[PDB]
Amino acid sequence: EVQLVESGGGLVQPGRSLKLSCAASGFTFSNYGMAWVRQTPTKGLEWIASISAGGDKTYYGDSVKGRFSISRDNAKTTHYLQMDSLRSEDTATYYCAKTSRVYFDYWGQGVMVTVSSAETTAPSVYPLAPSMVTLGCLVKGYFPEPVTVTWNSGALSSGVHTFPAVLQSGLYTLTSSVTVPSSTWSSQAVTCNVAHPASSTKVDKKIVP
Amino acid sequence: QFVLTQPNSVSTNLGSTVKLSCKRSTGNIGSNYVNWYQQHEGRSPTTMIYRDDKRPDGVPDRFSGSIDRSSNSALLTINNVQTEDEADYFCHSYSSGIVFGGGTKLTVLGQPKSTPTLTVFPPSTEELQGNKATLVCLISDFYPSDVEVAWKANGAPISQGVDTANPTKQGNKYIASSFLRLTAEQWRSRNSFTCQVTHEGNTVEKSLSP
Amino acid sequence: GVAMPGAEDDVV
């Protein structure tokens with residue numbers, strides 16, 4: 001089962017460097033090339049670079065004028081994108097993608113890179129309290145995306161809606177909700193768990209009646 | 001070395017056939033393979049078609065690829081289109097470099113209309129302690145996806161302080177949210193705010209009161 | 001067909 005797991009994204013200042021990793025498994029790593037491709041709403045998918053199955057041949061796309069370089073460590077079965085001299089316009093979701101001669105057969109999960117001299121801002125989290133009952137968590141004023149929200153550490157999975165954020169005065173706000181039987185709310189604690197990876201912050205808020 | 005041009009969007013109807021095109025600017029479309037990737041909201045791309053017209057096992061047989069040399073275009077045809085096919089579709093080819101089209105967003109109408117459910121929440125005591133107040137309106141379980149969201153204070157339309165998110169698909173239907181930014185005093189001042197949502201000409205509303 | 005750039009040494 002092909003797995004391509006990316007790490008290393010987050011918020012970085014202009015002019016600074018970042019190195020993304022793509023840990024591969026579930027296929028013979030050394031039999032296939034690997035590529036990096038980035039995505040934005042305005043510029044779509046842009047190929048950045050590819051490296052051959054034996055790690056000895058590299059190919060760069062013209063979207064970045066050599067500032068990014070691609071490498072691999074076949075013993076750790078991991079690919080890397082070293083991103084130097086970063087610019088505001090490099091903000092994007094970065095994917096690694098496995099090749100099979102003529103097409104990209106599998107893609108990694110993507111990681112967000114935000115290049116900004118604005119500070120990381122952690123959210124303020126507020127509890128929303130009101131037969132089924134809907135409870136919520138207001139995640140106010142964070143930057144950059146993303147945040148993750150779970151309910152009872154993921155033990156409440158059905159009934160959950162995490163709503164797309166709005167962006168205002170440079171900060172994101174979203175809400176997440178969960179619907180439970182009212183008997184659950186009156187006899188069991190319900191807590192939302194908010195994580196903002198780019199500020200390394202984690203907040204729990206118990207929803208009290 | 002070339003560009004691949006795709007329409008921005010196509011809107012079609014449940015059960016229809018729909019063709020998504022991918023036109024090569026210079027050089028023959030047939031001179032190297034074209035591939036197609038589906039990307040759902042918030043997710044990674046997956047292969048629909050590779051090597052012009054080959055289908056991974058697991059991709060429904062209602063997807064097919066072809067190459068139309070007279071228009072120098074590759075075509076992804078989806079027969080009997082389904083609402084689960086709503087996605088962005090990217091074409092891909094190569095020569096001396098690797099090229100993606102800009103992506104086509106596919107919208108599928110014709111599932112049974114689903115009127116939205118509203119949930120509203122007042123500001124939390126913790127937020128008011130900081131003198132601020134955010135009124136939350138959550139809009140869910142609706143199809144198709146356009147909504148008009150309006151807020152009232154005392155029955156009069158209020159515009160300032162409102163932020164509404166674009167709807168997104170989660171599961172089989174769409175969700176959206178809207179926020180009314182107030183000061184603690186603006187919330188305590190009036191005795192009613194209303195989130196009003198209009199969807200396919202039907203209007204649902206709920207109110208909040210200190 | 002010819003391989004894409006970087007993919008020419010892929011085993012299949």
# chains A, B, ... in the order shown; residues from 1 in each chain; ligands from 1
$ closest_atom_pairs --of "chain B" --to "chain C" --cutoff "8 Å" --atoms "only C-alpha atoms" --output "CSV"
residue,atom,partner,partner_atom,distance
B:32,CA,C:1,CA,6.5
B:33,CA,C:1,CA,7.1
B:94,CA,C:4,CA,6.2
B:95,CA,C:4,CA,6.8
B:96,CA,C:5,CA,6.6
B:97,CA,C:5,CA,6.5
B:98,CA,C:4,CA,7.2
$ residues_around --residues "residue 47 (chain A)" --least-positions-apart "5" --cutoff "8 Å" --atoms "only C-alpha atoms" --output "ChimeraX atom specification"
/A:35-38,61,63 /B:98-100
$ write_last_selection --atoms "C-alpha atoms" --output "compact mmCIF listing (two decimals), in the first residue's frame"
# COMPACT_ATOMS: atom_id res chain seq x y z
CA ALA A 35 8.58 14.72 -8.07
CA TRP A 36 7.51 17.79 -6.17
CA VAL A 37 4.48 19.77 -7.37
CA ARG A 38 2.93 22.82 -5.70
CA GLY A 61 10.83 23.25 -13.77
CA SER A 63 8.38 28.03 -12.14
CA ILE B 98 6.00 18.72 -17.20
CA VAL B 99 2.72 20.68 -17.68
CA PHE B 100 -0.67 20.73 -15.87
$ closest_atom_pairs --of "chain B" --to "chain A" --cutoff "6 Å" --atoms "only C-alpha atoms" --output "CSV"
residue,atom,partner,partner_atom,distance
B:44,CA,A:109,CA,5.6
B:102,CA,A:44,CA,5.3
B:165,CA,A:166,CA,5.3
$ atom_distance --atom1 "CA of residue 122 (chain A)" --atom2 "CA of residue 142 (chain A)"
5.0 Å
$ select_by_dssp --residues "chain B" --states "strand (DSSP E or B)" --output "PyMOL selection string"
chain B and resi 4-5+9-13+18-24+35-39+46-50+54+63-68+73-78+87-94+98-101+104-109+114+117-121+132-143+148-153+156-158+162-164+168-170+173-183+193-199+202-208
$ residues_around --residues "residue 105 (chain B)" --least-positions-apart "6" --cutoff "7 Å" --atoms "only C-alpha atoms" --output "number ranges by chain"
B: 8-10, 87-89
$ closest_residue --among "A:1, A:56, A:6, A:89" --to "chain C" --atoms "only C-alpha atoms"
A:56
$ interface_residues --of "chain A" --to "chain C" --cutoff "9 Å" --atoms "only C-alpha atoms" --output "PyMOL selection string"
chain A and resi 30-35+49-54+57-59+99-103
$ write_last_selection --atoms "N, CA, C and O atoms" --output "PDB file, in the first residue's frame"
ATOM      1  N   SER A  30      13.461   2.604  -4.386  1.00  0.00           N
ATOM      2  CA  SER A  30      14.504   2.744  -5.430  1.00  0.00           C
ATOM      3  C   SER A  30      14.105   2.308  -6.872  1.00  0.00           C
ATOM      4  O   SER A  30      14.925   2.458  -7.801  1.00  0.00           O
ATOM      5  N   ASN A  31      12.883   1.813  -7.130  1.00  0.00           N
ATOM      6  CA  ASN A  31      12.500   1.490  -8.510  1.00  0.00           C
ATOM      7  C   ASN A  31      11.771   2.624  -9.256  1.00  0.00           C
ATOM      8  O   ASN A  31      11.459   2.460 -10.451  1.00  0.00           O
ATOM      9  N   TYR A  32      11.559   3.781  -8.627  1.00  0.00           N
ATOM     10  CA  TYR A  32      10.729   4.850  -9.176  1.00  0.00           C
ATOM     11  C   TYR A  32      11.281   6.226  -8.863  1.00  0.00           C
ATOM     12  O   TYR A  32      11.735   6.494  -7.735  1.00  0.00           O
ATOM     13  N   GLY A  33      11.187   7.121  -9.849  1.00  0.00           N
ATOM     14  CA  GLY A  33      11.425   8.548  -9.616  1.00  0.00           C
ATOM     15  C   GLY A  33      10.381   9.163  -8.714  1.00  0.00           C
ATOM     16  O   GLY A  33       9.358   8.576  -8.382  1.00  0.00           O
ATOM     17  N   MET A  34      10.676  10.386  -8.287  1.00  0.00           N
ATOM     18  CA  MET A  34       9.789  11.182  -7.433  1.00  0.00           C
ATOM     19  C   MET A  34       9.831  12.646  -7.824  1.00  0.00           C
ATOM     20  O   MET A  34      10.855  13.196  -8.211  1.00  0.00           O
ATOM     21  N   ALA A  35       8.687  13.316  -7.682  1.00  0.00           N
ATOM     22  CA  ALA A  35       8.580  14.717  -8.066  1.00  0.00           C
ATOM     23  C   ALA A  35       7.966  15.524  -6.932  1.00  0.00           C
ATOM     24  O   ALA A  35       7.350  14.967  -5.990  1.00  0.00           O
ATOM     25  N   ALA A  49      10.148  20.027  -9.521  1.00  0.00           N
ATOM     26  CA  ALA A  49      11.366  19.250  -9.782  1.00  0.00           C
ATOM     27  C   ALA A  49      11.050  17.759  -9.787  1.00  0.00           C
ATOM     28  O   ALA A  49      10.145  17.307  -9.058  1.00  0.00           O
ATOM     29  N   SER A  50      11.893  16.972 -10.504  1.00  0.00           N
ATOM     30  CA  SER A  50      11.833  15.523 -10.417  1.00  0.00           C
ATOM     31  C   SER A  50      13.235  14.962 -10.196  1.00  0.00           C
ATOM     32  O   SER A  50      14.220  15.541 -10.679  1.00  0.00           O
ATOM     33  N   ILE A  51      13.291  13.782  -9.574  1.00  0.00           N
ATOM     34  CA  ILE A  51      14.581  13.071  -9.419  1.00  0.00           C
ATOM     35  C   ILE A  51      14.392  11.608  -9.858  1.00  0.00           C
ATOM     36  O   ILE A  51      13.290  11.032  -9.709  1.00  0.00           O
ATOM     37  N   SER A  52      15.409  11.018 -10.540  1.00  0.00           N
ATOM     38  CA  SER A  52      15.220   9.698 -11.124  1.00  0.00           C
ATOM     39  C   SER A  52      15.245   8.591 -10.088  1.00  0.00           C
ATOM     40  O   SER A  52      15.629   8.800  -8.925  1.00  0.00           O
ATOM     41  N   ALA A  53      14.855   7.371 -10.545  1.00  0.00           N
ATOM     42  CA  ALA A  53      14.858   6.216  -9.650  1.00  0.00           C
ATOM     43  C   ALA A  53      16.218   5.978  -8.983  1.00  0.00           C
ATOM     44  O   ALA A  53      16.274   5.753  -7.780  1.00  0.00           O
ATOM     45  N   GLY A  54      17.284   6.079  -9.722  1.00  0.00           N
ATOM     46  CA  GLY A  54      18.545   5.955  -8.968  1.00  0.00           C
ATOM     47  C   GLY A  54      19.128   7.141  -8.209  1.00  0.00           C
ATOM     48  O   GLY A  54      20.281   7.050  -7.735  1.00  0.00           O
ATOM     49  N   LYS A  57      19.886  11.689 -11.363  1.00  0.00           N
ATOM     50  CA  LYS A  57      19.498  12.629 -12.414  1.00  0.00           C
ATOM     51  C   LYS A  57      18.383  13.508 -11.882  1.00  0.00           C
ATOM     52  O   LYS A  57      17.436  13.001 -11.273  1.00  0.00           O
ATOM     53  N   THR A  58      18.537  14.817 -12.016  1.00  0.00           N
ATOM     54  CA  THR A  58      17.497  15.727 -11.544  1.00  0.00           C
ATOM     55  C   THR A  58      17.059  16.667 -12.654  1.00  0.00           C
ATOM     56  O   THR A  58      17.807  16.957 -13.586  1.00  0.00           O
ATOM     57  N   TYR A  59      15.796  17.085 -12.567  1.00  0.00           N
ATOM     58  CA  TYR A  59      15.161  17.929 -13.574  1.00  0.00           C
ATOM     59  C   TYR A  59      14.372  19.021 -12.875  1.00  0.00           C
ATOM     60  O   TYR A  59      13.602  18.727 -11.947  1.00  0.00           O
ATOM     61  N   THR A  99       6.322   8.635  -9.544  1.00  0.00           N
ATOM     62  CA  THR A  99       6.134   8.465 -10.965  1.00  0.00           C
ATOM     63  C   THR A  99       6.121   7.001 -11.373  1.00  0.00           C
ATOM     64  O   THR A  99       6.586   6.121 -10.640  1.00  0.00           O
ATOM     65  N   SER A 100       5.426   6.743 -12.517  1.00  0.00           N
ATOM     66  CA  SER A 100       5.504   5.443 -13.174  1.00  0.00           C
ATOM     67  C   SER A 100       5.606   5.683 -14.703  1.00  0.00           C
ATOM     68  O   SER A 100       4.639   5.591 -15.496  1.00  0.00           O
ATOM     69  N   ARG A 101       6.825   6.073 -15.110  1.00  0.00           N
ATOM     70  CA  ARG A 101       7.265   6.377 -16.476  1.00  0.00           C
ATOM     71  C   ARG A 101       6.576   7.570 -17.120  1.00  0.00           C
ATOM     72  O   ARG A 101       7.260   8.458 -17.619  1.00  0.00           O
ATOM     73  N   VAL A 102       5.234   7.613 -17.116  1.00  0.00           N
ATOM     74  CA  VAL A 102       4.481   8.562 -17.962  1.00  0.00           C
ATOM     75  C   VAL A 102       3.424   9.334 -17.205  1.00  0.00           C
ATOM     76  O   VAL A 102       2.715  10.145 -17.829  1.00  0.00           O
ATOM     77  N   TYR A 103       3.283   9.131 -15.900  1.00  0.00           N
ATOM     78  CA  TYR A 103       2.238   9.775 -15.110  1.00  0.00           C
ATOM     79  C   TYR A 103       2.593   9.671 -13.641  1.00  0.00           C
ATOM     80  O   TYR A 103       3.579   9.013 -13.264  1.00  0.00           O
TER      81      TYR A 103
END
$ residues_around --residues "residue 133 (chain A)" --least-positions-apart "5" --cutoff "8 Å" --atoms "only C-alpha atoms" --output "JSON, numbers by chain"
{"A": [179, 180, 181, 182, 185]}
